[PDB]
Amino acid sequence: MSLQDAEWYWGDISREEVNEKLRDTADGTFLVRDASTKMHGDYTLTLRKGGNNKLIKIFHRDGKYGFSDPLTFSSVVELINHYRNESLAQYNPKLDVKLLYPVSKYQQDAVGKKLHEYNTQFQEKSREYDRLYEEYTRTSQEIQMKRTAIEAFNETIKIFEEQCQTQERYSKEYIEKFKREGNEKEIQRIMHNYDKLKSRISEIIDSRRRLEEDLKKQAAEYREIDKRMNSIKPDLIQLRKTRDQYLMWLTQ
Amino acid sequence: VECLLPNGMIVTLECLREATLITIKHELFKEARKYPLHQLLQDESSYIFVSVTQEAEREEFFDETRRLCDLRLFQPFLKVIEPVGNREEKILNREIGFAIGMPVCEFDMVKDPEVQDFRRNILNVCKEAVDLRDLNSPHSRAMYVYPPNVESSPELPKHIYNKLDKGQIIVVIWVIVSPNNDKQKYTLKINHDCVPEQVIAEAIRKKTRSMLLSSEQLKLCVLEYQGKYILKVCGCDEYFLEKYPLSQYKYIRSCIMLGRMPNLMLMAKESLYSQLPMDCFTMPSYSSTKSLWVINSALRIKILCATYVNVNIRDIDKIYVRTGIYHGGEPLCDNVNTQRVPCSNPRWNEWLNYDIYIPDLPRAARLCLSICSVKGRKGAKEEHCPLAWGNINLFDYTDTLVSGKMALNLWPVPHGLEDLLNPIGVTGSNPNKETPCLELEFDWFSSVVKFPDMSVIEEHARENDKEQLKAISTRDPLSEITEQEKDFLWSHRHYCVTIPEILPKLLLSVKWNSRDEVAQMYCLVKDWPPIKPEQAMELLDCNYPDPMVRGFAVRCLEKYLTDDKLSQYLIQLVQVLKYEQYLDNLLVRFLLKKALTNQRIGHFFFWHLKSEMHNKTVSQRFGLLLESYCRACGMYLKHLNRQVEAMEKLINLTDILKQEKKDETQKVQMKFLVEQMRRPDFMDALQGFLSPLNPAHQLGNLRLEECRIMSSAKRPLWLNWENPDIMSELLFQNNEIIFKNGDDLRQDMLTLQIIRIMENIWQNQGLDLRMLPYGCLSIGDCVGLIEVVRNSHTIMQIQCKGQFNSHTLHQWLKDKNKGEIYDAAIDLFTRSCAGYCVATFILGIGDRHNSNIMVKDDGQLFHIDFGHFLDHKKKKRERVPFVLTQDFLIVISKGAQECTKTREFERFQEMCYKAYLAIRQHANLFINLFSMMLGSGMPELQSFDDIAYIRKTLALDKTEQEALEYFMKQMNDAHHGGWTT
């Protein structure tokens, strides 16, 4: 029944380990710490309510404990057990939560050799993720370069195509007078103009189509890399968590 | 080159690389005479060249004086049309587009009303600043382009004061007296508090005492030459144009601190007023509600569907959309998750219900959501990960609650972000397509819902106490505050006004998800006593998103923040522009007005916004800000363009060198480099422009015989320029900068900034610990410049001058400082080593080795490689990166090999302790600096968990005596038992 043996009493862990342990957990889950100030004395009760980790000081005085000046409770374990069955609203109506789900420290349910494998396995699994990410960023920006080139090829066609309209508009005045004059030489020169313009447009569009096909292939590879990263990442996180757990075990 | 003539004719011209557009146009209209339609063409003066540039934006070439290769064409084709549009406006627009790196015409295409309102409303700031800079022309313009580089506090530190001879400083003044540049020295002793006018007067006294002028004649001469001349620093474009005490100018104070003699040139002010032109700013061409507090309903949001979700259906089990209403980093209510659905069909059509009531939604609330996946292994072994994220502001820039359906493109989760929601990230839809698009629907209440106009609706919904309030006041910003202290602070919210620096703590005691408490907090803030700028910057972090809190902070800054401190804290102040909900806010107006009235501020404002234009999250925000600035910076757009051209050419050269020349050896790489540099258009671009690191430094001709590629990682490019100033010999003739491509320099910049801050506070403390925060500037994506420290040698380069003995560094230092100067060299070495030990322990800088620890001939030590800090080694006890091997103690102990007996080492330890305590006393400033860099996207710190490191090295949770004991414990443990006493 001593506090050191309580499931929810973690000792002198940091506020960041508390945030890690309580992240996205259900409301009412809690753990009791030794105060951030190392000096022997008050504890801190950190419980999750409304998506936040509320911090409640446990004032120690004359051998008694409590959340307020009266300080009637005999021990921290007895205080928490009292509030494990009673809502905190009796102390502070600001929050109506109850101490429901203590974050047990007994969930731990050759070790050096095994830790070596996890350190190696995580290290190479990480290298996979960073390699993909740098390959992901490279393809992400390269896709942007090829996507703006398609925007540039679209404009170029707009100007070339606009020229066809001007040539169509103006060629009529020349074509009719030459036809009634019999000047086939200038007529065929204008036809050669048409031929040159159309050939250049065709070259432009062929390069644009090759660029579009290359862009589509690049985007498919980009999505493949993205899926690879999304598949690796959960295993990376799980491996890091297990490696840290084993390291903590060995450090005991 | 194929040219599209206006009459439908198309002609191919054999143009050359360097041909200008006037020449090309004349040649084309000469060539067109071969073709049938030539008879219907007008004079070539009536048409201009149009084409498509590599940016993909059609460009009209009004500036026909440009060269062909300079056009940045997409394909070798030219279009000819009659000119349409305003000439000067279009050339200015293309200048701005080149400077900020994206076309200005893009911003005219975004249909977002917030953007179109921002870029039209910011022009008020630009016009106000432009009117300011012309109030006292031509002196005011000279103050704009050459702002005084003065300290904040006129009073000298007493240790600095004692350097002077009875309170008088000896100054040598130079006068150019002959057309052949005859130089005359006037060694002049003056009071350290004389303004430039009396220094001018004394210099004229010495200049004219020889003619034995009468008292009246002498007075008339002195008065005449007071209004004719100004003082300039010899060797750089730094001027003393304002009546500050001479010792307040950073140049003179650095001269006292270093013991040097100031060198000032007695320039005539007519030359100054002539060398700065009248460049002007002009207006660009583009220039049923119900109260939220009557809704009486709960907040709910529908998640319709998602697309383009990239997850292997075989690997993950199911996906869901996690959501939450956030105020800053504070959830206003418990997070809500959608039902898990197979990734084959991400469709939910589910109303998510939130505990928050609509009337109790704070103005700065935002919906944060993300798509997550479930790896459902054996129940409790289940693991979740985020696929993409995005944030939505509940209220838009015009105070309107979002309603109806909307589509949001989700950003990729930032590298290393394990959390399922990214509330610290920016709000807005991802501009990149082929990205997960999440469809949302917000409830509709029969009319648009506006946040109440609080101007009128704010009417609507013991000694131990003082000691406790003071104690909470002195606690650092990131200290944990329990619920009891939160209720006590709110209980005594009215008595907290007597201690104004309790506002940051009292704001975190508010129930931001409660209407009644927030109304009272707003009523308090408008009556709050202003607080110091070092504290008002804490209210600009992500933790304080309320427009009222941030408005109070911005008013405090604009009241008490000096231009010296503004330039000292510009990195952070531009980083916190990302945390603003809307484009048009008060912080942006403050920074823009300050940048448009001081070119020293504007230079780094531009280069800090420009350095993150590659980031798509902020690209639009910083691009609009940069366009607004560049439209109103006046003449400086020319020098900014020159610097941009130079950095672009260097970027291309290094990109080539590491993409195709990477495999080749050093000799041939240098051959390629020298071949490329000598070309005419690399010569023209890389010569004759202001230094990006320091706009006061001109970069003249290149010393190609000194430019080389170093052996450092990724082969940085080491340049070397002349100093074109006629007095360069007195400052330096060599301006050398290291151009790094492929190294992330925006954490090294922060490390050097913090070293500068802490050196400044130590000097003000009376501790003469010398730190060398050399210049550094990140100019793009992992590309930046690094100032080269003259006469510096890495400790490896000194050990190489041999097996080198332990005393090699001490022997070298003793040989470089023969005689009586030896003692000063050792003392400066000791002070620099102590300062850097303290700084690197506090900051957790990357590990230190001989190749990244420098040392000058002067004796000063300093560090160069600041790649990692705040101990990024967690992915593998806080460690001391800098250890004093015997090679350093032997120097500090003046050649006696004893490690922990000598007096000098004890005094060095005393310096270490006093410096550490001095930092620990100002820990709030450094915590505020780090906590304002969280949106910067550096891996080293993405959340307040990373800033918990400095709280540990500074030992803020312990007693000051216990913090001392902790520091000695760490030093002793790392240095093998020499620090226990």
# chains A, B, ... in the order shown; residues from 1 in each chain; ligands from 1
call {"tool": "residues_around", "arguments": {"residues": "segment 341-356 of chain B", "least_positions_apart": "2", "cutoff": "9 Å", "atoms": "only C-alpha atoms", "output": "PyMOL selection string"}}
result
chain B and resi 298-307+309+311-313+316-320+323-325+332-339+358-361+373+441+513
call {"tool": "write_last_selection", "arguments": {"atoms": "N, CA and C atoms", "output": "compact mmCIF listing (two decimals), in the first residue's frame"}}
result
# COMPACT_ATOMS: atom_id res chain seq x y z
N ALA B 298 -24.27 23.61 -29.97
CA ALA B 298 -22.97 22.96 -29.92
C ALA B 298 -22.32 22.97 -31.29
N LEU B 299 -20.99 22.91 -31.29
CA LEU B 299 -20.25 22.89 -32.55
C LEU B 299 -20.17 21.47 -33.09
N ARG B 300 -20.48 21.32 -34.37
CA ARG B 300 -20.39 20.03 -35.04
C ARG B 300 -19.92 20.24 -36.46
N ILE B 301 -19.17 19.27 -36.97
CA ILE B 301 -18.56 19.33 -38.30
C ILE B 301 -18.75 17.99 -38.99
N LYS B 302 -19.09 18.03 -40.27
CA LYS B 302 -19.26 16.82 -41.06
C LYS B 302 -18.00 16.53 -41.86
N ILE B 303 -17.58 15.27 -41.86
CA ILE B 303 -16.48 14.81 -42.70
C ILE B 303 -17.10 13.98 -43.82
N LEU B 304 -17.02 14.48 -45.05
CA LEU B 304 -17.68 13.82 -46.18
C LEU B 304 -16.82 12.69 -46.74
N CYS B 305 -15.64 13.02 -47.26
CA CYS B 305 -14.81 12.02 -47.93
C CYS B 305 -13.40 12.55 -48.11
N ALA B 306 -12.52 11.66 -48.55
CA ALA B 306 -11.14 11.99 -48.85
C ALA B 306 -10.76 11.37 -50.19
N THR B 307 -9.71 11.89 -50.80
CA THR B 307 -9.21 11.39 -52.08
C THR B 307 -7.69 11.33 -52.04
N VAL B 309 -5.50 9.32 -51.23
CA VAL B 309 -4.87 8.83 -50.01
C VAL B 309 -3.85 7.77 -50.39
N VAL B 311 -1.73 5.11 -49.24
CA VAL B 311 -1.41 4.12 -48.23
C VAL B 311 -1.67 2.74 -48.81
N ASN B 312 -0.73 1.82 -48.60
CA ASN B 312 -0.85 0.47 -49.13
C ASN B 312 -2.00 -0.24 -48.44
N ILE B 313 -3.05 -0.56 -49.20
CA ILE B 313 -4.21 -1.22 -48.63
C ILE B 313 -3.83 -2.54 -47.97
N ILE B 316 -1.85 -1.27 -44.03
CA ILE B 316 -2.68 -0.67 -42.99
C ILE B 316 -4.04 -1.35 -42.98
N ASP B 317 -4.70 -1.30 -41.82
CA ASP B 317 -6.00 -1.94 -41.68
C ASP B 317 -7.12 -1.00 -42.09
N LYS B 318 -7.17 0.20 -41.50
CA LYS B 318 -8.24 1.14 -41.76
C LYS B 318 -7.74 2.55 -41.48
N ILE B 319 -8.52 3.54 -41.91
CA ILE B 319 -8.17 4.94 -41.75
C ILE B 319 -9.33 5.66 -41.08
N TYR B 320 -9.02 6.81 -40.50
CA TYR B 320 -10.02 7.68 -39.89
C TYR B 320 -9.49 9.10 -39.89
N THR B 323 -9.81 14.92 -35.45
CA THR B 323 -10.08 16.35 -35.46
C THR B 323 -10.01 16.89 -34.04
N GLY B 324 -9.98 18.21 -33.93
CA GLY B 324 -9.94 18.87 -32.64
C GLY B 324 -9.95 20.37 -32.80
N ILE B 325 -10.61 21.04 -31.86
CA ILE B 325 -10.68 22.50 -31.83
C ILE B 325 -9.56 23.01 -30.93
N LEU B 332 -9.41 23.08 -27.01
CA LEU B 332 -10.57 23.64 -26.32
C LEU B 332 -11.53 22.56 -25.84
N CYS B 333 -11.48 21.37 -26.44
CA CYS B 333 -12.33 20.27 -26.05
C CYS B 333 -11.64 18.97 -26.44
N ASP B 334 -12.21 17.86 -25.99
CA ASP B 334 -11.64 16.56 -26.32
C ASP B 334 -11.72 16.32 -27.82
N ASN B 335 -10.70 15.64 -28.34
CA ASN B 335 -10.62 15.38 -29.77
C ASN B 335 -11.64 14.34 -30.20
N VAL B 336 -12.09 14.45 -31.45
CA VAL B 336 -13.13 13.59 -32.00
C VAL B 336 -12.55 12.86 -33.21
N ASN B 337 -12.76 11.55 -33.27
CA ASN B 337 -12.31 10.72 -34.37
C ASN B 337 -13.51 10.18 -35.14
N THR B 338 -13.36 10.09 -36.46
CA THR B 338 -14.39 9.47 -37.28
C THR B 338 -14.32 7.95 -37.17
N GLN B 339 -15.38 7.30 -37.62
CA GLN B 339 -15.39 5.85 -37.66
C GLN B 339 -14.31 5.34 -38.62
N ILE B 358 -20.97 26.94 -29.27
CA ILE B 358 -20.61 27.93 -30.28
C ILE B 358 -20.36 29.29 -29.65
N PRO B 359 -21.20 29.81 -28.75
CA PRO B 359 -20.90 31.11 -28.15
C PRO B 359 -19.56 31.16 -27.43
N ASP B 360 -19.10 30.04 -26.89
CA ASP B 360 -17.84 29.98 -26.16
C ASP B 360 -16.65 29.68 -27.04
N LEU B 361 -16.77 29.85 -28.35
CA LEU B 361 -15.63 29.68 -29.25
C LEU B 361 -14.75 30.92 -29.20
N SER B 373 -4.11 6.36 -39.86
CA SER B 373 -4.23 4.96 -40.23
C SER B 373 -4.07 4.10 -38.98
N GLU B 441 -18.05 19.94 -44.06
CA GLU B 441 -19.24 20.77 -44.07
C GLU B 441 -19.45 21.32 -42.67
N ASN B 513 -11.95 28.47 -23.44
CA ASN B 513 -13.19 27.85 -23.88
C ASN B 513 -14.34 28.29 -23.00
call {"tool": "select_by_dssp", "arguments": {"residues": "segment 705-835 of chain B", "states": "strand (DSSP E)", "output": "compact mmCIF listing (two decimals) with N, CA and C atoms, in the first residue's frame"}}
result
# COMPACT_ATOMS: atom_id res chain seq x y z
N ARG B 708 38.68 29.53 -54.43
CA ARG B 708 38.98 28.11 -54.46
C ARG B 708 37.83 27.35 -53.80
N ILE B 709 37.81 26.04 -54.04
CA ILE B 709 36.82 25.15 -53.43
C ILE B 709 37.51 24.38 -52.31
N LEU B 717 32.36 26.82 -51.68
CA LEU B 717 33.08 27.69 -52.60
C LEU B 717 33.58 28.91 -51.83
N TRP B 718 34.90 29.08 -51.78
CA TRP B 718 35.53 30.15 -51.02
C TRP B 718 35.87 31.29 -51.97
N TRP B 721 37.00 39.00 -52.66
CA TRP B 721 36.77 40.22 -53.41
C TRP B 721 37.71 41.32 -52.93
N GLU B 722 37.82 42.37 -53.73
CA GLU B 722 38.47 43.59 -53.28
C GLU B 722 37.49 44.45 -52.49
N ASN B 734 40.51 42.73 -48.24
CA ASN B 734 40.01 41.44 -48.67
C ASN B 734 38.64 41.20 -48.05
N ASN B 735 37.64 40.96 -48.89
CA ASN B 735 36.32 40.58 -48.43
C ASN B 735 36.04 39.16 -48.90
N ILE B 737 34.06 35.45 -48.46
CA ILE B 737 32.83 34.82 -48.00
C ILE B 737 32.81 33.39 -48.50
N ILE B 738 32.34 32.48 -47.67
CA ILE B 738 32.19 31.08 -48.04
C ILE B 738 30.75 30.86 -48.50
N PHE B 739 30.58 30.43 -49.74
CA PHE B 739 29.27 30.11 -50.28
C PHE B 739 29.03 28.61 -50.12
N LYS B 740 28.09 28.25 -49.26
CA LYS B 740 27.77 26.87 -48.96
C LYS B 740 26.47 26.49 -49.66
N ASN B 741 26.51 25.41 -50.43
CA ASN B 741 25.33 24.84 -51.07
C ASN B 741 25.21 23.39 -50.63
N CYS B 776 26.57 35.11 -40.81
CA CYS B 776 26.00 33.95 -41.47
C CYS B 776 24.61 34.32 -41.96
N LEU B 777 24.24 33.82 -43.13
CA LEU B 777 22.96 34.17 -43.73
C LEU B 777 22.52 33.02 -44.63
N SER B 778 21.34 32.47 -44.35
CA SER B 778 20.75 31.48 -45.23
C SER B 778 19.92 32.19 -46.29
N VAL B 783 21.22 26.62 -48.67
CA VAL B 783 22.27 27.40 -49.32
C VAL B 783 22.43 28.71 -48.55
N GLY B 784 23.67 29.07 -48.25
CA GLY B 784 23.89 30.28 -47.47
C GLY B 784 25.33 30.73 -47.54
N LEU B 785 25.58 31.87 -46.91
CA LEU B 785 26.88 32.52 -46.88
C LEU B 785 27.43 32.50 -45.47
N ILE B 786 28.75 32.41 -45.35
CA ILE B 786 29.42 32.39 -44.06
C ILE B 786 30.59 33.36 -44.11
N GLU B 787 30.59 34.35 -43.23
CA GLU B 787 31.69 35.29 -43.17
C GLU B 787 32.99 34.56 -42.86
call {"tool": "residues_around", "arguments": {"residues": "segment 63-65 of chain B", "least_positions_apart": "5", "cutoff": "7 Å", "atoms": "only C-alpha atoms", "output": "list in words"}}
result
residues 20, 21, 22 and 91 of chain B
call {"tool": "atom_distance", "arguments": {"atom1": "atom CA of residue 656 of chain B", "atom2": "atom CA of residue 57 of chain B"}}
result
25.6 Å
call {"tool": "residues_around", "arguments": {"residues": "residue 858 of chain B", "least_positions_apart": "3", "cutoff": "12 Å", "atoms": "only C-alpha atoms", "output": "PDB file with N, CA, C and O atoms, in the first residue's frame"}}
result
ATOM      1  N   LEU B 258      37.722  46.696 -27.995  1.00  0.00           N
ATOM      2  CA  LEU B 258      38.866  45.999 -28.564  1.00  0.00           C
ATOM      3  C   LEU B 258      40.177  46.747 -28.367  1.00  0.00           C
ATOM      4  O   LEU B 258      41.239  46.183 -28.652  1.00  0.00           O
ATOM      5  N   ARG B 770      34.942  37.319 -24.453  1.00  0.00           N
ATOM      6  CA  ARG B 770      34.871  37.605 -25.879  1.00  0.00           C
ATOM      7  C   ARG B 770      34.314  36.415 -26.647  1.00  0.00           C
ATOM      8  O   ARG B 770      34.821  35.295 -26.547  1.00  0.00           O
ATOM      9  N   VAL B 789      36.555  34.644 -41.181  1.00  0.00           N
ATOM     10  CA  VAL B 789      37.262  35.370 -40.132  1.00  0.00           C
ATOM     11  C   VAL B 789      38.727  35.461 -40.544  1.00  0.00           C
ATOM     12  O   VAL B 789      39.400  34.442 -40.703  1.00  0.00           O
ATOM     13  N   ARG B 790      39.222  36.683 -40.717  1.00  0.00           N
ATOM     14  CA  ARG B 790      40.596  36.869 -41.156  1.00  0.00           C
ATOM     15  C   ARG B 790      41.572  36.389 -40.089  1.00  0.00           C
ATOM     16  O   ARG B 790      41.359  36.570 -38.888  1.00  0.00           O
ATOM     17  N   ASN B 791      42.657  35.766 -40.544  1.00  0.00           N
ATOM     18  CA  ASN B 791      43.742  35.338 -39.665  1.00  0.00           C
ATOM     19  C   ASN B 791      43.259  34.319 -38.636  1.00  0.00           C
ATOM     20  O   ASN B 791      43.549  34.433 -37.444  1.00  0.00           O
ATOM     21  N   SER B 792      42.525  33.313 -39.098  1.00  0.00           N
ATOM     22  CA  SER B 792      42.027  32.236 -38.254  1.00  0.00           C
ATOM     23  C   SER B 792      42.576  30.904 -38.744  1.00  0.00           C
ATOM     24  O   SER B 792      42.738  30.697 -39.949  1.00  0.00           O
ATOM     25  N   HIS B 793      42.868  30.009 -37.806  1.00  0.00           N
ATOM     26  CA  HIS B 793      43.408  28.698 -38.124  1.00  0.00           C
ATOM     27  C   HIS B 793      42.759  27.648 -37.240  1.00  0.00           C
ATOM     28  O   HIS B 793      42.881  27.702 -36.015  1.00  0.00           O
ATOM     29  N   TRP B 812      52.540  27.669 -30.448  1.00  0.00           N
ATOM     30  CA  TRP B 812      52.165  28.515 -31.574  1.00  0.00           C
ATOM     31  C   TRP B 812      51.713  29.886 -31.094  1.00  0.00           C
ATOM     32  O   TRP B 812      52.119  30.918 -31.643  1.00  0.00           O
ATOM     33  N   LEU B 813      50.877  29.916 -30.056  1.00  0.00           N
ATOM     34  CA  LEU B 813      50.369  31.190 -29.561  1.00  0.00           C
ATOM     35  C   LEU B 813      51.489  32.030 -28.964  1.00  0.00           C
ATOM     36  O   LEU B 813      51.506  33.255 -29.120  1.00  0.00           O
ATOM     37  N   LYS B 814      52.431  31.386 -28.275  1.00  0.00           N
ATOM     38  CA  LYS B 814      53.562  32.108 -27.703  1.00  0.00           C
ATOM     39  C   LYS B 814      54.450  32.682 -28.797  1.00  0.00           C
ATOM     40  O   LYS B 814      54.963  33.799 -28.669  1.00  0.00           O
ATOM     41  N   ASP B 815      54.648  31.929 -29.880  1.00  0.00           N
ATOM     42  CA  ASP B 815      55.479  32.410 -30.977  1.00  0.00           C
ATOM     43  C   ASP B 815      54.812  33.538 -31.752  1.00  0.00           C
ATOM     44  O   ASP B 815      55.504  34.440 -32.236  1.00  0.00           O
ATOM     45  N   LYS B 816      53.486  33.510 -31.888  1.00  0.00           N
ATOM     46  CA  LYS B 816      52.813  34.569 -32.632  1.00  0.00           C
ATOM     47  C   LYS B 816      52.732  35.862 -31.830  1.00  0.00           C
ATOM     48  O   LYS B 816      52.447  36.922 -32.399  1.00  0.00           O
ATOM     49  N   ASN B 817      52.976  35.800 -30.521  1.00  0.00           N
ATOM     50  CA  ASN B 817      52.829  36.959 -29.647  1.00  0.00           C
ATOM     51  C   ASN B 817      54.085  37.192 -28.816  1.00  0.00           C
ATOM     52  O   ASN B 817      54.011  37.319 -27.590  1.00  0.00           O
ATOM     53  N   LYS B 818      55.241  37.231 -29.473  1.00  0.00           N
ATOM     54  CA  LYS B 818      56.501  37.425 -28.768  1.00  0.00           C
ATOM     55  C   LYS B 818      56.474  38.712 -27.951  1.00  0.00           C
ATOM     56  O   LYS B 818      56.012  39.755 -28.419  1.00  0.00           O
ATOM     57  N   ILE B 821      53.215  41.556 -25.457  1.00  0.00           N
ATOM     58  CA  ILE B 821      51.857  41.276 -25.914  1.00  0.00           C
ATOM     59  C   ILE B 821      51.411  39.865 -25.561  1.00  0.00           C
ATOM     60  O   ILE B 821      50.224  39.547 -25.687  1.00  0.00           O
ATOM     61  N   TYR B 822      52.326  39.016 -25.088  1.00  0.00           N
ATOM     62  CA  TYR B 822      51.980  37.625 -24.812  1.00  0.00           C
ATOM     63  C   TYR B 822      50.892  37.516 -23.749  1.00  0.00           C
ATOM     64  O   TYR B 822      49.964  36.710 -23.879  1.00  0.00           O
ATOM     65  N   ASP B 823      50.990  38.315 -22.685  1.00  0.00           N
ATOM     66  CA  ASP B 823      50.026  38.200 -21.594  1.00  0.00           C
ATOM     67  C   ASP B 823      48.608  38.478 -22.075  1.00  0.00           C
ATOM     68  O   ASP B 823      47.669  37.756 -21.718  1.00  0.00           O
ATOM     69  N   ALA B 824      48.433  39.518 -22.890  1.00  0.00           N
ATOM     70  CA  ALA B 824      47.101  39.843 -23.384  1.00  0.00           C
ATOM     71  C   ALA B 824      46.549  38.720 -24.251  1.00  0.00           C
ATOM     72  O   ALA B 824      45.348  38.434 -24.212  1.00  0.00           O
ATOM     73  N   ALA B 825      47.406  38.079 -25.048  1.00  0.00           N
ATOM     74  CA  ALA B 825      46.943  36.980 -25.886  1.00  0.00           C
ATOM     75  C   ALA B 825      46.413  35.830 -25.043  1.00  0.00           C
ATOM     76  O   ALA B 825      45.342  35.284 -25.330  1.00  0.00           O
ATOM     77  N   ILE B 826      47.140  35.457 -23.988  1.00  0.00           N
ATOM     78  CA  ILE B 826      46.692  34.374 -23.119  1.00  0.00           C
ATOM     79  C   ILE B 826      45.409  34.762 -22.396  1.00  0.00           C
ATOM     80  O   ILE B 826      44.501  33.940 -22.238  1.00  0.00           O
ATOM     81  N   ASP B 827      45.318  36.006 -21.926  1.00  0.00           N
ATOM     82  CA  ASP B 827      44.109  36.435 -21.229  1.00  0.00           C
ATOM     83  C   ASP B 827      42.893  36.397 -22.151  1.00  0.00           C
ATOM     84  O   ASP B 827      41.819  35.932 -21.752  1.00  0.00           O
ATOM     85  N   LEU B 828      43.044  36.881 -23.385  1.00  0.00           N
ATOM     86  CA  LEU B 828      41.939  36.836 -24.336  1.00  0.00           C
ATOM     87  C   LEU B 828      41.579  35.399 -24.692  1.00  0.00           C
ATOM     88  O   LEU B 828      40.395  35.064 -24.827  1.00  0.00           O
ATOM     89  N   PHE B 829      42.583  34.536 -24.847  1.00  0.00           N
ATOM     90  CA  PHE B 829      42.313  33.126 -25.091  1.00  0.00           C
ATOM     91  C   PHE B 829      41.494  32.535 -23.954  1.00  0.00           C
ATOM     92  O   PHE B 829      40.507  31.829 -24.185  1.00  0.00           O
ATOM     93  N   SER B 832      37.808  33.954 -24.006  1.00  0.00           N
ATOM     94  CA  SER B 832      37.042  33.365 -25.097  1.00  0.00           C
ATOM     95  C   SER B 832      36.716  31.901 -24.830  1.00  0.00           C
ATOM     96  O   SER B 832      35.593  31.452 -25.092  1.00  0.00           O
ATOM     97  N   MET B 854      38.365  27.117 -33.931  1.00  0.00           N
ATOM     98  CA  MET B 854      39.272  28.056 -34.570  1.00  0.00           C
ATOM     99  C   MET B 854      40.091  28.774 -33.511  1.00  0.00           C
ATOM    100  O   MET B 854      39.800  28.691 -32.317  1.00  0.00           O
ATOM    101  N   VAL B 855      41.137  29.467 -33.954  1.00  0.00           N
ATOM    102  CA  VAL B 855      41.931  30.309 -33.069  1.00  0.00           C
ATOM    103  C   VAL B 855      42.709  31.290 -33.929  1.00  0.00           C
ATOM    104  O   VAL B 855      43.341  30.913 -34.917  1.00  0.00           O
ATOM    105  N   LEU B 861      39.851  32.485 -29.269  1.00  0.00           N
ATOM    106  CA  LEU B 861      39.301  31.209 -29.695  1.00  0.00           C
ATOM    107  C   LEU B 861      37.853  31.394 -30.126  1.00  0.00           C
ATOM    108  O   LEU B 861      37.162  32.305 -29.667  1.00  0.00           O
ATOM    109  N   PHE B 862      37.395  30.531 -31.028  1.00  0.00           N
ATOM    110  CA  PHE B 862      35.986  30.522 -31.396  1.00  0.00           C
ATOM    111  C   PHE B 862      35.679  29.263 -32.195  1.00  0.00           C
ATOM    112  O   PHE B 862      36.576  28.546 -32.637  1.00  0.00           O
TER     113      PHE B 862
END
call {"tool": "interface_residues", "arguments": {"of": "chain A", "to": "chain B", "cutoff": "7 Å", "atoms": "only C-alpha atoms", "output": "count of residues only"}}
result
30
call {"tool": "atom_distance", "arguments": {"atom1": "atom CA of residue 201 of chain A", "atom2": "atom CA of residue 80 of chain B"}}
result
17.2 Å
call {"tool": "residues_around", "arguments": {"residues": "residue 695 of chain B", "least_positions_apart": "6", "cutoff": "10 Å", "atoms": "only C-alpha atoms", "output": "list in words"}}
result
residues 146, 236, 237, 238, 599, 600, 603, 604, 639, 640 and 689 of chain B
call {"tool": "write_last_selection", "arguments": {"atoms": "C-alpha atoms", "output": "PDB file, in the first residue's frame"}}
result
ATOM      1  CA  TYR B 146      22.589  54.967 -43.891  1.00  0.00           C
ATOM      2  CA  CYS B 236      32.906  50.775 -45.065  1.00  0.00           C
ATOM      3  CA  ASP B 237      29.707  52.688 -45.803  1.00  0.00           C
ATOM      4  CA  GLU B 238      28.897  53.518 -42.184  1.00  0.00           C
ATOM      5  CA  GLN B 599      17.592  49.959 -44.966  1.00  0.00           C
ATOM      6  CA  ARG B 600      19.684  47.968 -42.484  1.00  0.00           C
ATOM      7  CA  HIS B 603      17.964  44.233 -46.085  1.00  0.00           C
ATOM      8  CA  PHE B 604      17.674  41.383 -43.599  1.00  0.00           C
ATOM      9  CA  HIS B 639      21.065  46.425 -55.095  1.00  0.00           C
ATOM     10  CA  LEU B 640      18.738  43.616 -54.015  1.00  0.00           C
ATOM     11  CA  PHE B 689      27.444  44.645 -55.347  1.00  0.00           C
TER      12      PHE B 689
END
call {"tool": "residues_around", "arguments": {"residues": "residue 939 of chain B", "least_positions_apart": "2", "cutoff": "9 Å", "atoms": "only C-alpha atoms", "output": "PyMOL selection string"}}
result
chain B and resi 415-416+872+936-937+941-942
